[PDB]
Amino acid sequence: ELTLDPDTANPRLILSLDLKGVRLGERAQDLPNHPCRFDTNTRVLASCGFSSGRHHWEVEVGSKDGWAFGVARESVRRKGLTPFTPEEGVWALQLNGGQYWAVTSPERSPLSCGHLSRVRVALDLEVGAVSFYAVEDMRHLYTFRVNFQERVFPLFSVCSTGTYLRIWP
């Protein structure tokens, strides 16, 4: 039921026709520059955000470096180059330098989780947590415990070609 929101998408991203998938293109599309659009960081949000309750979705991930995904607070900064950090309201996993990371700050946390293909995200706004699990055995990857203070959106980022993220039906 989640779909990517094209009005938020950085113009270099290419969204799938069914709005489930995202990869990085080779040029910027000519798109209107709405306040909601990430104009520099290679990000896109889902069209649905959450202010309460518990929510699950699953994300199919490419094998090559370049992606990061999780959740963002609605007030995440959209304009100019911004850090990809929890302080900026991004709580995410990332594949970079051949390693899986939970994107903590100032140092990321390397995950010795083995190869990932699909990840379940469990967002719990009632207790204040977002957790990630590898779907094959639901092994726990990481949990951020956060007193979320605003609406929270699923977040996706792809900053190199050769990889992808896809919301799974």
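Numbers follow the displayed sequence, beginning with 1.
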- Looking at the deposited entry, does 23-31 or 50-58 carry the larger mean Cα B-factor? 23-31
- Task: Output the stretch having the higher mean C-alpha B factor in the entry; the candidates are 110-118 and 65-73.
- Result: 110-118
- Kindly indicate the residue among 103, 45, 141, 127 with the greatest C-alpha B-factor in the PDB record. 127
- Of the three thirds of its chain by CA temperature factor, lowest, middle or highest, which one includes residue 2? highest
- Query: How does residue 83 rank on Cα B-factor within its chain, lowest, middle or highest third?
  - Reply: middle
- Query: residue 161: which third of its chain by C-alpha temperature factor?
  - Reply: middle
- Could you look up the Cα B-factor of residue 14 in the entry and say which third of the chain it sits in: lowest, middle or highest? middle
- Within this chain, which third does the Cα B-factor at residue 146 fall in: lowest, middle or highest? highest
